[PDB]
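Participant: opening piece of a complex, kept in its complex position:
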Amino acid sequence: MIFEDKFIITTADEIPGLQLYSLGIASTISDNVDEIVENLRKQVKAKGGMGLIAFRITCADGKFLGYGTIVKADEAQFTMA
Amino acid sequence: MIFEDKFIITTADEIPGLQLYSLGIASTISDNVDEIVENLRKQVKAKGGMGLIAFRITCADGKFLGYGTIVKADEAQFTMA
Amino acid sequence: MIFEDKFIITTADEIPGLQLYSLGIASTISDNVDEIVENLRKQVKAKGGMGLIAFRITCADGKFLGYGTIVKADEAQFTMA
Amino acid sequence: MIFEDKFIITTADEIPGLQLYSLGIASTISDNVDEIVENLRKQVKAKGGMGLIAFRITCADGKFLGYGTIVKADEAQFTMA
């Protein structure tokens, strides 16, 4: 219970010192940040991502697509691939 | 000696030269900058945060939460132990 | 060192370590994220760009839309002649 | 006497190379950008600031607002020792 369990979420940051690799873009429309974040977490967690960068929700009119990009750092120790 | 800052509010991207650590996301809806800022300052410090980054107010000219990530930097204790 | 792959899309406009060259600006409006990405792809793939930076979407009838700056790395195959 | 910069205005950036210190946030409701800039300028120079950062200001529609943060740069920090 320690590997593949560290989920981080930052907004308007860069987390310098880490090499991030693009794993695609995630988007989900819904209400309550807990459901949006919880739904995104399961995406990286299940895709082996690390978290979401620039998690800006900023709604306008019913549009709650928490746009975020999934990133991953080398040295996964999960699968040599 | 006695510094000064307590709650820092900046409008940009981040504060370089300091190690910022995210301990959660903050979100609030309301009017008046005094109540919006105080609402976050209370939610930010209540969780141990010391400043807010990217202070927004309105953009879609209607429904819009300021949205802000809570962050904090270590004082001198090493995370090793 | 991991080099570039094919089409990359991030939300932060950075990717340090690479020389980005402006090839202009792209803009598209539609009610489909997969169609917008594909529509822009044909626009970038046709311009030999690298990918889309800061790609956001949020509109119902015809309000906001998708937008981004095109970028390319290496020589622009154009200097004088 | 001897004045080249002093007043500096950037649209969403950070002006790297300069130490900026926040001494409060400025906000004013009005129409016409000429009056907004002049209104903040008088508020910024009146406080002995340097200029204004983050000039996003959304388009007009019925009740928008151009919020901004006041900043100032100077040799060393606050002495008053």
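Facilitator: Arrived safely, thanks for sending. Numbering: from 1, shown residues only, chains lettered A, B, ... in the order given.

Participant: please make it C-alpha for all contacts and neighbour counts, starting now.
Facilitator: OK.

Participant: which stretch of helix or strand covers the residue nearest the centre of chain A?
Facilitator: What sits nearest the mean C-alpha location of chain A, by C-alpha atoms, centre = their mean, is residue A:52, with 2.5 Å. If you go by DSSP states H and E, residue A:52 is part of strand A:51-53.

Participant: how close does the residue in chain A positioned nearest to chain D get to chain B?
Facilitator: Residue nearest to chain D within chain A (C-alpha to the nearest C-alpha): residue A:12, separated by 12.4 Å. To chain B, residue A:12 is 5 Å away according to C-alpha to the nearest C-alpha, to the nearest Å.

Participant: repeat for residue A:46
Facilitator: 21 Å.

Participant: make sure that residue is indeed in a strand.
Facilitator: No - counting by DSSP: H, G, I helix; E, B strand; the rest coil, residue A:46 falls outside a strand, being helix.

Participant: residue at max distance from the center of chain A?
Facilitator: Distance from the C-alpha centroid of chain A, by C-alpha atoms, centre = their mean, peaks at residue A:61 (23.5 Å).

Participant: which residues touch residue A:55?
Facilitator: Counting by C-alpha atoms under 8 Å, 6 or more residues apart in numbering or on different chains, residue A:55 touches A:9, A:10, A:11, A:12, A:66, A:67, A:68.

Participant: surely the residue farthest from the centre of chain A touches residue B:61?
Facilitator: No - using C-alpha atoms under 8 Å, residue A:61 makes no contact with residue B:61, being 10.4 Å away.

Participant: enumerate every residue touching residue A:20.
Facilitator: Here residue A:20 is in contact with A:71, A:72, A:73, A:74 (C-alpha under 8 Å, 6+ apart).

Participant: all strands for chain A, in order.
Facilitator: According to DSSP state E, chain A carries its strands in the segments A:8-9, A:21-26, A:51-53, A:68-72.

Participant: deepest-packed of those strands, please.
Facilitator: Mean neighbours per residue, mean count of other C-alpha atoms under 10 Å in any protein chain shown, is largest over the strands of chain A for strand A:51-53, with a mean of 24.

Participant: circling back to that earlier point, what's the separation between the residue farthest from the centre of chain A and residue B:31?
Facilitator: 18 Å (C-alpha to C-alpha, to the nearest Å).

Participant: which other helices and strands contact the strand holding residue A:52?
Facilitator: For strand A:51-53, the packing partners by 3 or more C-alpha pairs under 8 Å, 6 or more residues apart in numbering or on different chains; DSSP states H and E come out as strand A:8-9, strand A:68-72.

Participant: okay if I get these as a markdown table plus distance to chain B?
Facilitator: Converted to a markdown table, the helices and strands packed on strand A:51-53 look like this (distance: least, C-alpha to the nearest C-alpha, whole Å):
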| stretch | distance to chain B |
| --- | --- |
| strand A:8-9 | 7 |
| strand A:68-72 | 14 |
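
Participant: put chain E on too:
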Amino acid sequence: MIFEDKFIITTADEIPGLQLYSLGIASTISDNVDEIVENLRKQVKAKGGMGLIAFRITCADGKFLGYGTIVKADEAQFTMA
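Facilitator: Adding chain E to what we have so far:
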């Protein structure tokens, strides 16, 4: 005369490595991106600027607000005193 690059358009993307000088701010209200860009380019090059920062688009088929900061690189460096 090695500057080569002169007119550059960037959307939500800083340009480190270049010394930018503020020459004021531009603003455009109307529809049609071709008229907005042409209005800024003519306003930027007419003042002998370098390029424009910001941009973005919103509310198509209608009026919005196209603005940006006018910058210019020519302050040169400084002698190592």
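
Participant: re-run the earlier check on what packs on strand A:51-53 with chain E in the model.
Facilitator: strand A:8-9, strand A:68-72.

Participant: before we move on, the earlier item: partner residues bridging the residue nearest to the centre of chain A?
Facilitator: Assessed by DSSP bridges, residue A:52 has beta-bridge partners residue A:9, residue A:70.

Participant: how about it, what does it touch?
Facilitator: By C-alpha under 8 Å, 6+ apart, the contact set of residue A:52 is A:8, A:9, A:10, A:68, A:69, A:70, A:71.

Participant: ok, the third one touching residue B:22?
Facilitator: Yep, that's residue A:10 we're talking about. Yes - taking contacts as C-alpha under 8 Å, residue A:10 lies within contact range of residue B:22: 6.5 Å.

Participant: what is in contact with those two at once?
Facilitator: residue B:69.

Participant: the spatially closest residue to residue A:57 that is not a sequence neighbour: how many residues sit nearby?
Facilitator: With sequence-adjacent residues excluded and distances taken as C-alpha to C-alpha, 6 or more residues apart in numbering or on different chains, residue A:57 is closest to residue A:66, at 4.6 Å. Neighbourhood size, residue A:66 [other C-alpha atoms under 10 Å in any protein chain shown]: 23.

Participant: same deal with residue A:34?
Facilitator: Number of residues near residue A:34 (other C-alpha under 10 Å) recorded here: 10.

Participant: chain C versus that one, what's the distance?
Facilitator: Per C-alpha to the nearest C-alpha, residue A:34 is found 21 Å from chain C.

Participant: what's the answer for residue A:12, then?
Facilitator: From residue A:12 to chain C the distance is 8 Å (C-alpha to the nearest C-alpha).

Participant: list the contacts of the residue nearest to residue A:19 when sequence neighbours are not counted.
Facilitator: Leaving aside its sequence neighbours, residue A:19 sits nearest to residue A:73 (C-alpha to C-alpha, 6+ apart; 5.5 Å). The contact partners of residue A:73, by C-alpha under 8 Å, 6+ apart, come to A:18, A:19, A:20, A:21, A:50.

Participant: phi first, then psi, for the third one.
Facilitator: Its backbone dihedrals place residue A:20 at phi -100, psi 140, with angles given as degrees, to the nearest 10.

Participant: ok, now the last one?
Facilitator: Here is the backbone geometry of residue A:50 (degrees, to the nearest 10): phi -120, psi -30.

Participant: what's near enough to touch it?
Facilitator: Taking C-alpha under 8 Å, 6+ apart, one finds A:6, A:7, A:8, A:44, A:70, A:71, A:72, A:73 in contact with residue A:50.

Participant: again with residue A:7
Facilitator: Counted by C-alpha under 8 Å, 6+ apart, residue A:7 has contacts A:41, A:45, A:50, A:51.
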